[PDB]
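Trainee: For reference, this is my_file27.cif, and it has mmCIF, C-alpha atoms.
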data_protein
#
loop_
_atom_site.label_atom_id
_atom_site.label_comp_id
_atom_site.auth_asym_id
_atom_site.auth_seq_id
_atom_site.Cartn_x
_atom_site.Cartn_y
_atom_site.Cartn_z
CA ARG A 7 25.85 -34.68 25.56
CA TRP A 8 24.28 -31.94 27.68
CA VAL A 9 21.27 -29.86 26.52
CA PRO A 10 20.02 -27.14 28.97
CA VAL A 11 16.28 -26.89 28.73
CA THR A 12 14.54 -23.81 29.98
CA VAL A 13 10.86 -24.29 30.63
CA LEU A 14 8.59 -21.25 30.41
CA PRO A 15 5.45 -21.50 32.58
CA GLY A 16 3.37 -19.96 29.82
CA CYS A 17 4.71 -17.05 27.84
CA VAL A 18 2.39 -14.12 28.45
CA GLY A 19 3.55 -10.85 26.94
CA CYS A 20 6.44 -12.58 25.25
CA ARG A 21 7.45 -10.70 22.13
CA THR A 22 9.43 -11.95 19.15
CA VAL A 23 11.27 -9.60 16.86
CA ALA A 24 12.84 -10.09 13.47
CA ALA A 25 16.46 -9.08 13.86
CA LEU A 26 19.26 -9.32 11.35
CA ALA A 27 22.67 -10.56 12.36
CA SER A 28 24.03 -7.07 11.73
CA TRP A 29 21.80 -5.64 14.44
CA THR A 30 23.21 -4.86 17.83
CA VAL A 31 21.57 -5.15 21.24
CA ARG A 32 20.82 -1.42 21.14
CA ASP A 33 19.06 -2.15 17.83
CA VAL A 34 16.70 -4.60 19.58
CA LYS A 35 15.92 -2.18 22.32
CA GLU A 36 15.01 0.46 19.75
CA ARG A 37 12.78 -2.05 18.00
CA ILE A 38 11.18 -2.89 21.30
CA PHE A 39 10.65 0.77 22.08
CA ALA A 40 9.05 1.39 18.70
CA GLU A 41 6.53 -1.36 19.40
CA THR A 42 5.63 -0.95 23.11
CA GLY A 43 6.60 2.56 24.12
CA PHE A 44 8.94 0.98 26.64
CA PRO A 45 11.95 3.35 26.94
CA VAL A 46 15.28 2.12 25.60
CA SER A 47 16.97 3.73 28.58
CA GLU A 48 15.08 1.52 30.95
CA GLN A 49 15.79 -1.76 29.14
CA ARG A 50 18.09 -4.44 30.54
CA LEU A 51 18.49 -7.41 28.24
CA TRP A 52 19.89 -10.60 29.79
CA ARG A 53 20.81 -13.95 28.28
CA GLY A 54 21.48 -16.94 30.46
CA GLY A 55 22.15 -14.94 33.61
CA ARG A 56 24.30 -12.14 32.17
CA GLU A 57 23.34 -8.63 31.05
CA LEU A 58 23.91 -7.80 27.36
CA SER A 59 25.97 -4.68 26.50
CA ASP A 60 24.41 -2.32 23.95
CA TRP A 61 27.13 -2.78 21.36
CA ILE A 62 27.04 -6.56 20.96
CA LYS A 63 25.94 -7.66 17.47
CA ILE A 64 23.03 -10.15 17.47
CA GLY A 65 24.66 -12.46 14.97
CA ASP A 66 27.56 -12.77 17.40
CA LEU A 67 25.20 -14.50 19.78
CA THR A 68 24.14 -17.44 17.60
CA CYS A 72 19.31 -20.41 16.18
CA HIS A 73 16.41 -18.98 18.21
CA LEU A 74 17.47 -16.15 20.48
CA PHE A 75 15.97 -15.73 23.93
CA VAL A 76 16.57 -12.63 25.99
CA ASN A 77 15.12 -11.78 29.37
CA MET A 78 14.13 -8.20 29.99
CA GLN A 79 14.88 -7.63 33.68
#
Output the structure of this file as structure tokens.
Mentor:
Amino acid sequence: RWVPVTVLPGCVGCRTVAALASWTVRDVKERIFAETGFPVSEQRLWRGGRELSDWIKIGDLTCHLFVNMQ
């Protein structure tokens, strides 16, 4: 059985947030903005090589969630 293993060379500036399943992607962005001052409008969340639309619920994605902000 296959298990894809992503190795992070260190994890500087990595941030972990406590989402509920009922949150959406836009919800995460808002949470990120509230904590870093990094504008929601400029955030692009990606998960395994695909960008995540604002309206996707987080619970629909799952279990530790990893999203890349590119």
Trainee: Could you give me, as a PDB file with C-alpha atoms, in the frame of the given file, the residues that sit within 12 Å of (6.4, -15.3, 22.6) in the file's coordinates, counting only C-alpha atoms?
Mentor:
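Once written, result.pdb looks like this:
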ATOM      1  CA  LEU A  14       8.590 -21.250  30.410  1.00  0.00           C
ATOM      2  CA  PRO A  15       5.450 -21.500  32.580  1.00  0.00           C
ATOM      3  CA  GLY A  16       3.370 -19.960  29.820  1.00  0.00           C
ATOM      4  CA  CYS A  17       4.710 -17.050  27.840  1.00  0.00           C
ATOM      5  CA  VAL A  18       2.390 -14.120  28.450  1.00  0.00           C
ATOM      6  CA  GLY A  19       3.550 -10.850  26.940  1.00  0.00           C
ATOM      7  CA  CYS A  20       6.440 -12.580  25.250  1.00  0.00           C
ATOM      8  CA  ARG A  21       7.450 -10.700  22.130  1.00  0.00           C
ATOM      9  CA  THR A  22       9.430 -11.950  19.150  1.00  0.00           C
ATOM     10  CA  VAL A  23      11.270  -9.600  16.860  1.00  0.00           C
ATOM     11  CA  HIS A  73      16.410 -18.980  18.210  1.00  0.00           C
ATOM     12  CA  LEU A  74      17.470 -16.150  20.480  1.00  0.00           C
ATOM     13  CA  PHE A  75      15.970 -15.730  23.930  1.00  0.00           C
ATOM     14  CA  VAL A  76      16.570 -12.630  25.990  1.00  0.00           C
ATOM     15  CA  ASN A  77      15.120 -11.780  29.370  1.00  0.00           C
TER      16      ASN A  77
END
Trainee: Can you turn the PyMOL selection byres ((chain A and resi 60-67) around 7) into a concrete residue list for this file, as a ChimeraX atom specification?
Mentor: /A:27-32,58-59,68
Trainee: Under the rule that only C-alpha atoms are counted, which of A:47, A:72, A:54, A:36 is the nearest residue to residue A:11?
Mentor: A:54
Trainee: Suppose you want the space between atom CA of residue A:40 and atom CA of residue A:52; what is it in Å?
Mentor: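 Computing it gives 19.6 Å between the two atoms.
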Trainee: Take every atom of stretch 17-27 of chain A listed in the file, pad by 6 Å on each side, and give me the axis-aligned box centre and edge lengths in Å, one decimal, as JSON.
Mentor:
{"center_x": 12.5, "center_y": -13.1, "center_z": 19.9, "size_x": 32.3, "size_y": 20.0, "size_z": 29.1}
Trainee: Which value, in Å to one decimal, gives the distance between atom CA of residue A:48 and atom CA of residue A:12?
Mentor: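 Result for atom CA of residue A:48 versus atom CA of residue A:12: 25.4 Å, one decimal.
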Trainee: As an exercise, work out the distance from atom CA of residue A:46 to atom CA of residue A:13 in Å and give it to one decimal place.
Mentor: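 Between atom CA of residue A:46 and atom CA of residue A:13 the gap is 27.2 Å.
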